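Colleague: Here you go, this is model_14.pdb (PDB, N, CA and C atoms).
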ATOM      1  N   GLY A   1       5.908  11.750  25.550
ATOM      2  CA  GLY A   1       4.865  12.176  24.573
ATOM      3  C   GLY A   1       4.996  11.417  23.260
ATOM      4  N   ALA A   2       4.327  11.921  22.238
ATOM      5  CA  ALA A   2       4.223  11.231  20.968
ATOM      6  C   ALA A   2       5.191  11.719  19.890
ATOM      7  N   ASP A   3       5.992  12.744  20.170
ATOM      8  CA  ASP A   3       6.830  13.359  19.117
ATOM      9  C   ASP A   3       7.792  12.381  18.453
ATOM     10  N   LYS A   4       8.442  11.524  19.229
ATOM     11  CA  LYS A   4       9.406  10.606  18.631
ATOM     12  C   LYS A   4       8.723   9.597  17.717
ATOM     13  N   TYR A   5       7.582   9.089  18.165
ATOM     14  CA  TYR A   5       6.804   8.176  17.321
ATOM     15  C   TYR A   5       6.316   8.858  16.040
ATOM     16  N   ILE A   6       5.733  10.047  16.191
ATOM     17  CA  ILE A   6       5.258  10.800  15.030
ATOM     18  C   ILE A   6       6.425  11.036  14.040
ATOM     19  N   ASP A   7       7.580  11.432  14.588
ATOM     20  CA  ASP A   7       8.735  11.695  13.718
ATOM     21  C   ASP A   7       9.298  10.455  13.031
ATOM     22  N   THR A   8       8.961   9.271  13.531
ATOM     23  CA  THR A   8       9.352   8.015  12.901
ATOM     24  C   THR A   8       8.372   7.569  11.817
ATOM     25  N   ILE A   9       7.083   7.794  12.021
ATOM     26  CA  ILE A   9       6.101   7.350  11.039
ATOM     27  C   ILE A   9       5.880   8.370   9.913
ATOM     28  N   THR A  10       6.193   9.656  10.163
ATOM     29  CA  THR A  10       5.934  10.701   9.173
ATOM     30  C   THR A  10       6.775  10.482   7.918
ATOM     31  N   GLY A  11       6.083  10.390   6.781
ATOM     32  CA  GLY A  11       6.738  10.073   5.533
ATOM     33  C   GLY A  11       7.234   8.657   5.407
ATOM     34  N   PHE A  12       6.862   7.806   6.358
ATOM     35  CA  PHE A  12       7.196   6.391   6.333
ATOM     36  C   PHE A  12       5.924   5.568   6.068
ATOM     37  N   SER A  13       4.956   5.686   6.963
ATOM     38  CA  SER A  13       3.702   4.949   6.899
ATOM     39  C   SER A  13       2.469   5.869   6.817
ATOM     40  N   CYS A  14       2.734   7.171   6.786
ATOM     41  CA  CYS A  14       1.717   8.180   6.608
ATOM     42  C   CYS A  14       2.381   9.446   6.090
ATOM     43  N   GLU A  15       1.596  10.470   5.761
ATOM     44  CA  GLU A  15       2.161  11.725   5.293
ATOM     45  C   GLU A  15       2.346  12.779   6.359
ATOM     46  N   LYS A  16       1.455  12.800   7.352
ATOM     47  CA  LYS A  16       1.520  13.748   8.460
ATOM     48  C   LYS A  16       0.731  13.143   9.623
ATOM     49  N   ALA A  17       1.114  13.493  10.842
ATOM     50  CA  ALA A  17       0.413  13.029  12.037
ATOM     51  C   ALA A  17       0.549  14.048  13.155
ATOM     52  N   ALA A  18      -0.389  14.003  14.097
ATOM     53  CA  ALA A  18      -0.364  14.896  15.248
ATOM     54  C   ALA A  18      -1.242  14.359  16.357
ATOM     55  N   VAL A  19      -0.810  14.548  17.600
ATOM     56  CA  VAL A  19      -1.702  14.355  18.754
ATOM     57  C   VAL A  19      -2.444  15.655  19.009
ATOM     58  N   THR A  20      -3.738  15.531  19.227
ATOM     59  CA  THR A  20      -4.596  16.695  19.411
ATOM     60  C   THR A  20      -4.888  16.874  20.904
ATOM     61  N   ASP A  21      -5.376  18.067  21.243
ATOM     62  CA  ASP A  21      -5.576  18.407  22.661
ATOM     63  C   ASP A  21      -6.562  17.487  23.371
ATOM     64  N   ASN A  22      -7.500  16.934  22.613
ATOM     65  CA  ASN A  22      -8.500  16.039  23.177
ATOM     66  C   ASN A  22      -8.033  14.591  23.276
ATOM     67  N   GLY A  23      -6.744  14.343  22.987
ATOM     68  CA  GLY A  23      -6.123  13.054  23.256
ATOM     69  C   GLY A  23      -6.082  12.000  22.173
ATOM     70  N   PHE A  24      -6.462  12.364  20.954
ATOM     71  CA  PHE A  24      -6.381  11.431  19.835
ATOM     72  C   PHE A  24      -5.097  11.637  19.041
ATOM     73  N   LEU A  25      -4.618  10.545  18.471
ATOM     74  CA  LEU A  25      -3.524  10.586  17.484
ATOM     75  C   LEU A  25      -4.178  10.557  16.116
ATOM     76  N   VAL A  26      -3.988  11.640  15.373
ATOM     77  CA  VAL A  26      -4.560  11.817  14.046
ATOM     78  C   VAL A  26      -3.471  11.581  12.998
ATOM     79  N   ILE A  27      -3.763  10.664  12.078
ATOM     80  CA  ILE A  27      -2.828  10.238  11.058
ATOM     81  C   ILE A  27      -3.438  10.475   9.679
ATOM     82  N   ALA A  28      -2.714  11.240   8.854
ATOM     83  CA  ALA A  28      -3.168  11.613   7.513
ATOM     84  C   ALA A  28      -2.446  10.743   6.483
ATOM     85  N   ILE A  29      -3.235  10.084   5.636
ATOM     86  CA  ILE A  29      -2.751   9.207   4.578
ATOM     87  C   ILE A  29      -3.260   9.667   3.202
ATOM     88  N   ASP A  30      -2.583   9.193   2.150
ATOM     89  CA  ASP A  30      -3.037   9.465   0.793
ATOM     90  C   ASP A  30      -4.145   8.464   0.416
ATOM     91  N   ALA A  31      -5.350   8.730   0.898
ATOM     92  CA  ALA A  31      -6.449   7.778   0.813
ATOM     93  C   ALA A  31      -7.098   7.776  -0.565
ATOM     94  N   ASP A  32      -7.448   6.581  -1.022
ATOM     95  CA  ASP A  32      -8.225   6.408  -2.262
ATOM     96  C   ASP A  32      -9.743   6.456  -2.026
ATOM     97  N   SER A  33     -10.165   6.291  -0.776
ATOM     98  CA  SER A  33     -11.589   6.218  -0.402
ATOM     99  C   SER A  33     -11.883   7.183   0.735
ATOM    100  N   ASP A  34     -13.160   7.482   0.963
ATOM    101  CA  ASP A  34     -13.545   8.471   2.001
ATOM    102  C   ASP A  34     -14.110   7.824   3.273
ATOM    103  N   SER A  35     -13.920   6.513   3.395
ATOM    104  CA  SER A  35     -14.355   5.776   4.563
ATOM    105  C   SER A  35     -13.699   4.402   4.537
ATOM    106  N   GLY A  36     -13.788   3.692   5.658
ATOM    107  CA  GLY A  36     -13.399   2.304   5.707
ATOM    108  C   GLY A  36     -12.015   1.959   6.216
ATOM    109  N   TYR A  37     -11.383   2.867   6.948
ATOM    110  CA  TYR A  37     -10.005   2.673   7.389
ATOM    111  C   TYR A  37      -9.872   2.322   8.880
ATOM    112  N   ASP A  38     -10.906   1.719   9.456
ATOM    113  CA  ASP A  38     -10.817   1.386  10.866
ATOM    114  C   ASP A  38      -9.688   0.398  11.162
ATOM    115  N   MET A  39      -9.470  -0.581  10.281
ATOM    116  CA  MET A  39      -8.424  -1.576  10.576
ATOM    117  C   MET A  39      -7.023  -0.938  10.630
ATOM    118  N   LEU A  40      -6.783  -0.007   9.726
ATOM    119  CA  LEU A  40      -5.542   0.772   9.736
ATOM    120  C   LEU A  40      -5.407   1.559  11.033
ATOM    121  N   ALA A  41      -6.494   2.188  11.464
ATOM    122  CA  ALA A  41      -6.484   2.940  12.713
ATOM    123  C   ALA A  41      -6.109   2.050  13.884
ATOM    124  N   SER A  42      -6.661   0.828  13.906
ATOM    125  CA  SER A  42      -6.382  -0.076  15.018
ATOM    126  C   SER A  42      -4.926  -0.538  14.999
ATOM    127  N   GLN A  43      -4.381  -0.766  13.812
ATOM    128  CA  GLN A  43      -2.966  -1.147  13.708
ATOM    129  C   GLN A  43      -2.035  -0.029  14.185
ATOM    130  N   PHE A  44      -2.328   1.202  13.790
ATOM    131  CA  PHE A  44      -1.559   2.327  14.259
ATOM    132  C   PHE A  44      -1.672   2.499  15.784
ATOM    133  N   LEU A  45      -2.878   2.323  16.329
ATOM    134  CA  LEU A  45      -3.036   2.474  17.788
ATOM    135  C   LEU A  45      -2.190   1.449  18.527
ATOM    136  N   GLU A  46      -2.234   0.206  18.065
ATOM    137  CA  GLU A  46      -1.421  -0.840  18.682
ATOM    138  C   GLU A  46       0.076  -0.531  18.579
ATOM    139  N   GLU A  47       0.511  -0.070  17.419
ATOM    140  CA  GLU A  47       1.919   0.238  17.225
ATOM    141  C   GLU A  47       2.373   1.401  18.088
ATOM    142  N   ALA A  48       1.573   2.469  18.158
ATOM    143  CA  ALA A  48       1.905   3.619  18.985
ATOM    144  C   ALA A  48       2.101   3.137  20.448
ATOM    145  N   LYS A  49       1.179   2.319  20.955
ATOM    146  CA  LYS A  49       1.283   1.857  22.324
ATOM    147  C   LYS A  49       2.507   0.950  22.496
ATOM    148  N   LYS A  50       2.782   0.111  21.487
ATOM    149  CA  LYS A  50       3.967  -0.761  21.546
ATOM    150  C   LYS A  50       5.267   0.063  21.626
ATOM    151  N   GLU A  51       5.277   1.226  20.986
ATOM    152  CA  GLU A  51       6.422   2.127  21.001
ATOM    153  C   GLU A  51       6.383   3.086  22.185
ATOM    154  N   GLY A  52       5.466   2.843  23.131
ATOM    155  CA  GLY A  52       5.437   3.541  24.389
ATOM    156  C   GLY A  52       4.708   4.867  24.429
ATOM    157  N   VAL A  53       3.892   5.142  23.421
ATOM    158  CA  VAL A  53       3.054   6.332  23.467
ATOM    159  C   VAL A  53       1.901   6.060  24.418
ATOM    160  N   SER A  54       1.829   6.845  25.477
ATOM    161  CA  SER A  54       0.814   6.674  26.513
ATOM    162  C   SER A  54      -0.258   7.736  26.379
ATOM    163  N   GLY A  55      -1.408   7.431  26.957
ATOM    164  CA  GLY A  55      -2.484   8.380  27.127
ATOM    165  C   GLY A  55      -3.374   8.605  25.925
ATOM    166  N   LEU A  56      -3.231   7.804  24.873
ATOM    167  CA  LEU A  56      -4.034   8.042  23.687
ATOM    168  C   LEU A  56      -5.444   7.531  23.926
ATOM    169  N   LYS A  57      -6.424   8.339  23.560
ATOM    170  CA  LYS A  57      -7.822   7.890  23.523
ATOM    171  C   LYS A  57      -8.122   7.036  22.312
ATOM    172  N   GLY A  58      -7.315   7.193  21.257
ATOM    173  CA  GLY A  58      -7.547   6.427  20.062
ATOM    174  C   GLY A  58      -6.716   6.997  18.932
ATOM    175  N   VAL A  59      -6.851   6.393  17.754
ATOM    176  CA  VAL A  59      -6.293   6.884  16.496
ATOM    177  C   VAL A  59      -7.437   7.220  15.552
ATOM    178  N   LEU A  60      -7.268   8.346  14.854
ATOM    179  CA  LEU A  60      -8.176   8.804  13.822
ATOM    180  C   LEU A  60      -7.387   8.872  12.527
ATOM    181  N   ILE A  61      -7.945   8.314  11.449
ATOM    182  CA  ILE A  61      -7.371   8.439  10.117
ATOM    183  C   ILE A  61      -8.115   9.512   9.340
ATOM    184  N   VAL A  62      -7.350  10.401   8.712
ATOM    185  CA  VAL A  62      -7.888  11.400   7.819
ATOM    186  C   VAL A  62      -7.131  11.357   6.474
ATOM    187  N   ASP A  63      -7.745  11.962   5.447
ATOM    188  CA  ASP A  63      -7.121  12.056   4.117
ATOM    189  C   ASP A  63      -6.247  13.299   4.096
ATOM    190  N   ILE A  64      -4.957  13.112   3.790
ATOM    191  CA  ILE A  64      -4.024  14.230   3.629
ATOM    192  C   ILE A  64      -4.528  15.297   2.626
ATOM    193  N   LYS A  65      -5.338  14.866   1.668
ATOM    194  CA  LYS A  65      -5.825  15.763   0.623
ATOM    195  C   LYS A  65      -6.928  16.699   1.081
ATOM    196  N   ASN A  66      -7.520  16.469   2.248
ATOM    197  CA  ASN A  66      -8.515  17.442   2.691
ATOM    198  C   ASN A  66      -8.468  17.851   4.152
ATOM    199  N   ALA A  67      -7.651  17.205   4.949
ATOM    200  CA  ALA A  67      -7.526  17.526   6.350
ATOM    201  C   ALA A  67      -6.778  18.841   6.549
ATOM    202  N   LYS A  68      -7.151  19.582   7.594
ATOM    203  CA  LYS A  68      -6.441  20.808   7.973
ATOM    204  C   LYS A  68      -5.885  20.681   9.372
ATOM    205  N   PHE A  69      -4.563  20.603   9.472
ATOM    206  CA  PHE A  69      -3.883  20.499  10.763
ATOM    207  C   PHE A  69      -3.749  21.910  11.322
ATOM    208  N   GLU A  70      -4.163  22.072  12.570
ATOM    209  CA  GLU A  70      -4.080  23.328  13.315
ATOM    210  C   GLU A  70      -3.386  23.061  14.647
ATOM    211  N   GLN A  71      -3.106  24.096  15.432
ATOM    212  CA  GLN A  71      -2.550  23.856  16.763
ATOM    213  C   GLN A  71      -3.618  23.155  17.622
ATOM    214  N   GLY A  72      -3.290  21.951  18.070
ATOM    215  CA  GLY A  72      -4.150  21.200  18.978
ATOM    216  C   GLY A  72      -5.356  20.479  18.391
ATOM    217  N   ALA A  73      -5.559  20.574  17.071
ATOM    218  CA  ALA A  73      -6.751  19.988  16.416
ATOM    219  C   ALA A  73      -6.512  19.711  14.939
ATOM    220  N   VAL A  74      -7.254  18.750  14.403
ATOM    221  CA  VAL A  74      -7.242  18.487  12.975
ATOM    222  C   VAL A  74      -8.679  18.495  12.462
ATOM    223  N   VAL A  75      -8.940  19.359  11.498
ATOM    224  CA  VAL A  75     -10.276  19.510  10.930
ATOM    225  C   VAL A  75     -10.417  18.656   9.663
ATOM    226  N   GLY A  76     -11.477  17.861   9.588
ATOM    227  CA  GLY A  76     -11.773  17.079   8.393
ATOM    228  C   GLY A  76     -12.460  15.769   8.695
ATOM    229  N   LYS A  77     -12.940  15.128   7.644
ATOM    230  CA  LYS A  77     -13.643  13.871   7.825
ATOM    231  C   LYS A  77     -12.670  12.796   8.342
ATOM    232  N   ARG A  78     -13.089  12.091   9.389
ATOM    233  CA  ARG A  78     -12.382  10.923   9.882
ATOM    234  C   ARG A  78     -12.828   9.731   9.037
ATOM    235  N   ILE A  79     -11.874   9.182   8.292
ATOM    236  CA  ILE A  79     -12.103   8.063   7.387
ATOM    237  C   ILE A  79     -11.876   6.699   8.018
ATOM    238  N   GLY A  80     -11.341   6.698   9.236
ATOM    239  CA  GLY A  80     -11.187   5.494  10.027
ATOM    240  C   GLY A  80     -10.922   5.891  11.471
ATOM    241  N   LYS A  81     -11.206   4.980  12.409
ATOM    242  CA  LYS A  81     -11.012   5.248  13.810
ATOM    243  C   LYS A  81     -10.805   3.964  14.576
ATOM    244  N   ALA A  82     -10.149   4.089  15.722
ATOM    245  CA  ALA A  82      -9.944   3.002  16.688
ATOM    246  C   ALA A  82      -9.798   3.621  18.069
ATOM    247  N   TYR A  83     -10.486   3.042  19.061
ATOM    248  CA  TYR A  83     -10.425   3.508  20.442
ATOM    249  C   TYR A  83      -9.580   2.614  21.327
ATOM    250  N   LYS A  84      -8.993   3.231  22.339
ATOM    251  CA  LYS A  84      -8.229   2.554  23.422
ATOM    252  C   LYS A  84      -9.000   1.400  24.068
TER     253      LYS A  84
END
Go ahead and render the structure in this file as structure tokens.
Modeller:
Amino acid sequence: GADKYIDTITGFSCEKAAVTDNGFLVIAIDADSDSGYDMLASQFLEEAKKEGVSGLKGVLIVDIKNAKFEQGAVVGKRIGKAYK
């Protein structure tokens, strides 16, 4: 699963992250803008796969300042995205 990867990037290259039930890796950053982070999403997706995280549909970037992490889901505007 993704726990080891998440535990390596948390507080390193993002503030919080989680895999959601629908198969996305959601990464929360201290964003200055409310859109435009697709390139970051693609870099994270590539890195997650390089570190052996399987089964991801994609990476979603959200702003730590407004996202709400719940069990199995993250609520908030996606400020960047990348698909498998």
Colleague: Could you state which residues are captured by the PyMOL selection byres ((chain A and resi 76-83) around 8) in this file, as a short mmCIF file (atom, residue, chain, number, x, y, z; two decimals) with N, CA and C atoms, in the frame of the given file?
Modeller:
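The result, written out as result-v3.cif:
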data_model
loop_
_atom_site.label_atom_id
_atom_site.label_comp_id
_atom_site.auth_asym_id
_atom_site.auth_seq_id
_atom_site.Cartn_x
_atom_site.Cartn_y
_atom_site.Cartn_z
N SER A 33 -10.16 6.29 -0.78
CA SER A 33 -11.59 6.22 -0.40
C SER A 33 -11.88 7.18 0.74
N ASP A 34 -13.16 7.48 0.96
CA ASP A 34 -13.54 8.47 2.00
C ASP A 34 -14.11 7.82 3.27
N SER A 35 -13.92 6.51 3.40
CA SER A 35 -14.36 5.78 4.56
C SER A 35 -13.70 4.40 4.54
N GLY A 36 -13.79 3.69 5.66
CA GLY A 36 -13.40 2.30 5.71
C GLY A 36 -12.02 1.96 6.22
N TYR A 37 -11.38 2.87 6.95
CA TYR A 37 -10.01 2.67 7.39
C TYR A 37 -9.87 2.32 8.88
N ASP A 38 -10.91 1.72 9.46
CA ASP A 38 -10.82 1.39 10.87
C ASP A 38 -9.69 0.40 11.16
N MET A 39 -9.47 -0.58 10.28
CA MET A 39 -8.42 -1.58 10.58
C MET A 39 -7.02 -0.94 10.63
N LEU A 40 -6.78 -0.01 9.73
CA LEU A 40 -5.54 0.77 9.74
C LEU A 40 -5.41 1.56 11.03
N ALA A 41 -6.49 2.19 11.46
CA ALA A 41 -6.48 2.94 12.71
C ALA A 41 -6.11 2.05 13.88
N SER A 42 -6.66 0.83 13.91
CA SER A 42 -6.38 -0.08 15.02
C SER A 42 -4.93 -0.54 15.00
N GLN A 43 -4.38 -0.77 13.81
CA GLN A 43 -2.97 -1.15 13.71
C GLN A 43 -2.04 -0.03 14.18
N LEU A 45 -2.88 2.32 16.33
CA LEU A 45 -3.04 2.47 17.79
C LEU A 45 -2.19 1.45 18.53
N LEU A 56 -3.23 7.80 24.87
CA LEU A 56 -4.03 8.04 23.69
C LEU A 56 -5.44 7.53 23.93
N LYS A 57 -6.42 8.34 23.56
CA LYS A 57 -7.82 7.89 23.52
C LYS A 57 -8.12 7.04 22.31
N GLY A 58 -7.32 7.19 21.26
CA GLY A 58 -7.55 6.43 20.06
C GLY A 58 -6.72 7.00 18.93
N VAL A 59 -6.85 6.39 17.75
CA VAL A 59 -6.29 6.88 16.50
C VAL A 59 -7.44 7.22 15.55
N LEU A 60 -7.27 8.35 14.85
CA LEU A 60 -8.18 8.80 13.82
C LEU A 60 -7.39 8.87 12.53
N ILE A 61 -7.94 8.31 11.45
CA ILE A 61 -7.37 8.44 10.12
C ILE A 61 -8.12 9.51 9.34
N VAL A 62 -7.35 10.40 8.71
CA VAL A 62 -7.89 11.40 7.82
C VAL A 62 -7.13 11.36 6.47
N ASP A 63 -7.74 11.96 5.45
CA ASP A 63 -7.12 12.06 4.12
C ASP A 63 -6.25 13.30 4.10
N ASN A 66 -7.52 16.47 2.25
CA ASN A 66 -8.52 17.44 2.69
C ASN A 66 -8.47 17.85 4.15
N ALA A 67 -7.65 17.20 4.95
CA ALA A 67 -7.53 17.53 6.35
C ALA A 67 -6.78 18.84 6.55
N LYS A 68 -7.15 19.58 7.59
CA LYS A 68 -6.44 20.81 7.97
C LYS A 68 -5.88 20.68 9.37
N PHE A 69 -4.56 20.60 9.47
CA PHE A 69 -3.88 20.50 10.76
C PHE A 69 -3.75 21.91 11.32
N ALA A 73 -5.56 20.57 17.07
CA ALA A 73 -6.75 19.99 16.42
C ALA A 73 -6.51 19.71 14.94
N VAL A 74 -7.25 18.75 14.40
CA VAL A 74 -7.24 18.49 12.98
C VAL A 74 -8.68 18.50 12.46
N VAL A 75 -8.94 19.36 11.50
CA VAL A 75 -10.28 19.51 10.93
C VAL A 75 -10.42 18.66 9.66
N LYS A 84 -8.99 3.23 22.34
CA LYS A 84 -8.23 2.55 23.42
C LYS A 84 -9.00 1.40 24.07
#
Colleague: When you draw a straight line from atom N of residue 4 of chain A to atom N of residue 32 of chain A, how long is it in Å?
Modeller: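 Interatomic distance, atom N of residue 4 of chain A to atom N of residue 32 of chain A: 26.2 Å.
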Colleague: What residues come out when you apply the PyMOL selection byres ((chain A and resi 15) around 6.5) to this file, written as a PyMOL selection string?
Modeller: chain A and resi 9-14+16-17+27-30
Colleague: Could you give me, as a PyMOL selection string, each residue of segment 9-82 of chain A that DSSP assigns to strand (DSSP E or B) when run on this structure's backbone?
Modeller: chain A and resi 10+14+16-19+24-29+58-63+68-70+73-75+78-82
Colleague: Between atom C of residue 25 of chain A and atom C of residue 44 of chain A, what is the spacing in Å?
Modeller: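 Computed distance, atom C of residue 44 of chain A to atom C of residue 25 of chain A, equals 8.4 Å.
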Colleague: So how far away is atom CA of residue 6 of chain A from atom CA of residue 64 of chain A, in Å?
Modeller: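 That distance, rounded to one decimal, is 15.1 Å.
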Colleague: Evaluating the PyMOL selection byres (((chain A and resi 2 and name CA) around 8) and name CA) on the displayed file yields which residues, as a PyMOL selection string?
Modeller: chain A and resi 1+3-6+19+53-54
Colleague: List the neighbours of residue 72 of chain A out to 6.5 Å using only N, CA and C atoms; skip same-chain residues closer than 3 positions along the sequence, and give me the result as a CSV table (one decimal) with N, CA and C atoms, keeping the file's coordinate frame.
Modeller:
chain,number,residue,atom,x,y,z
A,19,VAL,N,-0.8,14.5,17.6
A,19,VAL,CA,-1.7,14.4,18.8
A,19,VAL,C,-2.4,15.7,19.0
A,20,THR,N,-3.7,15.5,19.2
A,20,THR,CA,-4.6,16.7,19.4
A,20,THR,C,-4.9,16.9,20.9
A,21,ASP,N,-5.4,18.1,21.2
A,21,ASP,CA,-5.6,18.4,22.7
A,21,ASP,C,-6.6,17.5,23.4
A,22,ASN,N,-7.5,16.9,22.6
A,22,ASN,CA,-8.5,16.0,23.2
A,22,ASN,C,-8.0,14.6,23.3
Colleague: A:70, A:31, A:23, A:48: which is nearest residue 8 of chain A, counting only C-alpha atoms?
Modeller: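 The shortest atom-to-atom distance to residue 8 of chain A comes from A:48.
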